[PDB]
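This report concerns only the one structure given below.
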Amino acid sequence: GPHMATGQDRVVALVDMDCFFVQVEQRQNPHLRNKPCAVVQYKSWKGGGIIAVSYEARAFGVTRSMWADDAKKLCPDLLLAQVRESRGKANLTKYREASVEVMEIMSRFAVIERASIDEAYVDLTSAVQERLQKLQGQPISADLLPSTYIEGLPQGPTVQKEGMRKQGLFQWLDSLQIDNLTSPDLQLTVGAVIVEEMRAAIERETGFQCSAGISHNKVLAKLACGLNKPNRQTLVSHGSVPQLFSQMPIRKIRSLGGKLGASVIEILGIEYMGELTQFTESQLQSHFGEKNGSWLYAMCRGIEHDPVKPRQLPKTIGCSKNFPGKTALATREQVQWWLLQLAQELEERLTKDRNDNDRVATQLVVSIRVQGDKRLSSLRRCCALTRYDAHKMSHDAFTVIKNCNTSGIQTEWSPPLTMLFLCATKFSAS
DNA sequence: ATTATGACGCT
DNA sequence: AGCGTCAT
Ligand SMILES: Nc1ncnc2c1ncn2[C@H]1C[C@H](O)[C@@H](COP(=O)(O)OP(=O)(O)OP(=O)(O)O)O1
Ligand SMILES: [Ca+2]
Ligand SMILES: [Mn+2]
């Protein structure tokens, strides 16, 4: 009852860019705007692999991981932009730099956690509390929430989608008790007002549109964000959780999309997040471990405590390349040349990072894959990163991997390498 | 031949 | 530390 925590202490948003790499290319090339288009990497194998898809192209069935040649079968007029190639490999610098544009704007509003190249969590609890004082018990107009959906509404008492959106927003606002400065629903609503402002600023200052979720924690904010893409934001209230979760496949919740989620389904014989409420915390801990069990027990009730971490910059800087099928590296000269290519991109990015962010990486992580293994990595080894020098880093990487070679012979490499990976880690202030 | 990343958990 | 999971 009165002592039962409800996980309504925070206001958390998740802001996620719409079809991000496509928008970056569409800003650069106006011919691609408002078209079915996709971003591809490489080209010689089946037209290249698609990594981002405009909403116009999605209507034709084009998806990520599709070969461009195959996408063209669904959408003959599909336009394509290619990822830059430098030193023989895909280079994602344009998108990392566009990401910084967005992250720096968001940081003006609140402390953010960079969750990916195109999304960040926002802890808005303090900002909400300041805005609530400014409001002075003044009601929140629908005009302040022009792109907001209230999940679960309208209910009860309608043809167009925008009209449905407004109907739900009106029901929500009509029911709001603005007299209580500690009402969680009011706090979320003010959070949503701030996120409208944030999203408007991002679009004004970069050209990029985004979606967002507003709720009481990161998992609900993430889930909310996807409910009404693109270019819209969604408020998921604590009260909306029982209905929302009653038909929500377990795999849709962040961290449950893989083996753990499959195990929850198999072991408990359930399908939807809401069905988890019928198990005790100890029951869930017995199957999934102490940490997962407690997390699931609270999460299926809409409660999660994971903080928005104050971190805007990536913790690592890495450079990776696959060498599939017959392109696998089978000579020592090959392995050395590609280690150098990777190290040269790594040095470039490291040197810029040191100048921009007043830090230095101290550990180099080297990872490879061998033909036949179908784990991501076959072997991971670290060594010291003492100088930002590509020839040194590539020599050091070779040194830590070189006994991998089963080939008796000097020059040959067996089994051939199908992936190389260099990663700079363990930053210290500088 | 679903690539190039990047965070965090386990032991 | 080196490996695995999950994610975009
Ligand atoms: N599996 C991947 N491999 C390589 N790049 C990826 C992969 N997934 C995502 N990206 C890149 C390209 C995306 O534009 C960008 C952001 O990913 P993501 O948020 O999942 O989709 P998206 O921004 O392209 O569309 P959406 O509007 O659905 O969010 O990160
Ligand atoms: Ca996105
Ligand atoms: Mn994303």
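Every chain is numbered from 1 and lettered A, B, ... according to where its sequence line falls, protein lines coming before strand lines. Values below: every heavy atom of this structure, side chains too, minus hydrogens, waters and symmetry copies.
- Near-neighbour residues of DNA chain B inside residues 213-230 of chain A, defined by a heavy atom below 4.0 Å, are absent.
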Generate the contact string for nucleotides 5-11 of chain B. Rules: B means base contact, S means sugar-phosphate contact only, - means no protein heavy atom under 4.0 Å. BSSSS--

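- A gap of 16 Å separates the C1' atoms of B:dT2 and C:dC6, to the nearest Å.
- Among the protein residues, A:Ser65 comes within range of the nucleic acid bases, having at least one heavy atom under 4.0 Å from a base atom.
- Of the side-chain N and O atoms in A:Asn322, none sit less than 4.0 angstrom from OP1 or OP2 of B:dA1.
- One finds a side-chain N or O of A:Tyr42 lying less than 4.0 angstrom from the OP1 or OP2 phosphate oxygen of B:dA4.
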Could you list the donor-acceptor pairs under 3.5 angstrom formed between side-chain atoms of residues 214-231 of chain A and any protein atom two or more places apart in sequence or on another chain?
{"from": "A:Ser215", "atom 1": "OG", "to": "A:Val236", "atom 2": "O", "distance (Å)": "2.7"}
{"from": "A:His216", "atom 1": "ND1", "to": "A:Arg10", "atom 2": "O", "distance (Å)": "2.8"}
{"from": "A:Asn217", "atom 1": "OD1", "to": "A:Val219", "atom 2": "N", "distance (Å)": "3.4"}
{"from": "A:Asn217", "atom 1": "OD1", "to": "A:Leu220", "atom 2": "N", "distance (Å)": "2.9"}
{"from": "A:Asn217", "atom 1": "ND2", "to": "A:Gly302", "atom 2": "O", "distance (Å)": "3.0"}
{"from": "A:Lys218", "atom 1": "NZ", "to": "A:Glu113", "atom 2": "OE1", "distance (Å)": "2.9"}
{"from": "A:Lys218", "atom 1": "NZ", "to": "A:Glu113", "atom 2": "OE2", "distance (Å)": "3.4"}
{"from": "A:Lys218", "atom 1": "NZ", "to": "A:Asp306", "atom 2": "OD2", "distance (Å)": "2.8"}
{"from": "A:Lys218", "atom 1": "NZ", "to": "A:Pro307", "atom 2": "O", "distance (Å)": "3.2"}
{"from": "A:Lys222", "atom 1": "NZ", "to": "A:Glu119", "atom 2": "OE2", "distance (Å)": "2.8"}
{"from": "A:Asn228", "atom 1": "ND2", "to": "A:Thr234", "atom 2": "OG1", "distance (Å)": "2.9"}
{"from": "A:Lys229", "atom 1": "NZ", "to": "A:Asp16", "atom 2": "O", "distance (Å)": "3.2"}
{"from": "A:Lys229", "atom 1": "NZ", "to": "A:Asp16", "atom 2": "OD1", "distance (Å)": "2.8"}
{"from": "A:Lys229", "atom 1": "NZ", "to": "A:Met17", "atom 2": "O", "distance (Å)": "3.2"}
{"from": "A:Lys229", "atom 1": "NZ", "to": "A:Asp18", "atom 2": "OD1", "distance (Å)": "3.0"}
{"from": "A:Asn231", "atom 1": "OD1", "to": "A:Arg199", "atom 2": "NH2", "distance (Å)": "3.4"}

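- Atom CE of A:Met419 is separated from atom P of B:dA1 by 13 Å (rounded to the nearest Å).
- When the side chain to side chain contact (heavy atoms under 4.5 Å, CB included) test is applied to A:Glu104, the partners found at least two apart in sequence or on another chain are A:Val100, A:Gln312.
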Enumerate donor-acceptor pairs with a distance under 3.5 Å from any side-chain N or O in residues 393-403 of chain A to protein atoms, sequence neighbours excluded.
{"from": "A:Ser394", "atom 1": "OG", "to": "A:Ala390", "atom 2": "O", "distance (Å)": "3.0"}
{"from": "A:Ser394", "atom 1": "OG", "to": "A:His391", "atom 2": "O", "distance (Å)": "3.1"}
{"from": "A:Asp396", "atom 1": "OD2", "to": "A:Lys392", "atom 2": "NZ", "distance (Å)": "3.0"}
{"from": "A:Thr399", "atom 1": "OG1", "to": "A:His395", "atom 2": "O", "distance (Å)": "3.0"}

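- Chain A approaches DNA chain C within less than 4.0 angstrom (heavy atoms of the protein), and the contacting nucleotides run 5' to 3' from C:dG2 to C:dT8.
- Residue pairs meeting the ring-ring contact (aromatic ring centres under 6.0 Å, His included) criterion with at least one member in residues 11-43 of chain A, sequence neighbours excluded: A:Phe20-A:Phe208, A:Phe21-A:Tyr95.
- Between A:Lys374 and the phosphate of B:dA1, there is a side-chain N or O to OP1/OP2 separation shorter than 4.0 Å.
- Residue contacts shown for A:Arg64 are absent, as no nucleic acid heavy atom lies under 4.0 Å away.
- Scored by the salt bridge (charged side-chain N to carboxylate O under 4.0 Å, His left out) test, A:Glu162 finds A:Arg165 as partners (sequence neighbours excluded).
- Counting non-hydrogen atoms of other residues, nucleotides and ligands closer than 6.0 Å to NZ of A:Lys352 gives a total of 12 or fewer.
- Evaluation of the salt bridge (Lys or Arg N to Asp or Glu O under 4.0 Å) test over residues 29-58 of chain A, restricted to residues two or more places apart or in two chains, returns none.
- Among residues two or more places apart in sequence or in another chain, the salt bridge (charged side-chain N to carboxylate O under 4.0 Å, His left out) test is passed with A:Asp353 by A:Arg359.
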Identify all side-chain donor-acceptor contacts of residues 248-264 of chain A below 3.5 Å with residues at least two apart in sequence or on another chain.
{"from": "A:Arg254", "atom 1": "NH2", "to": "A:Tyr121", "atom 2": "OH", "distance (Å)": "3.0"}
{"from": "A:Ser263", "atom 1": "OG", "to": "A:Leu260", "atom 2": "O", "distance (Å)": "2.7"}

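- A:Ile50 comes within 4.0 angstrom of nothing in the nucleic acid, heavy atoms only.
- With contacts defined as side-chain heavy-atom distances shorter than 4.5 Å, the pair A:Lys94/A:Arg84 does not qualify.
- Looking at residues two or more places apart in sequence or on another chain, you find a salt bridge (charged side-chain N to carboxylate O under 4.0 Å, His left out) between A:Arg27 and A:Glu101.
- Toward the 5' end of DNA chain C, the nearer of the two residues A:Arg375 and A:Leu256, judged by each one's closest nucleotide, is A:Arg375.
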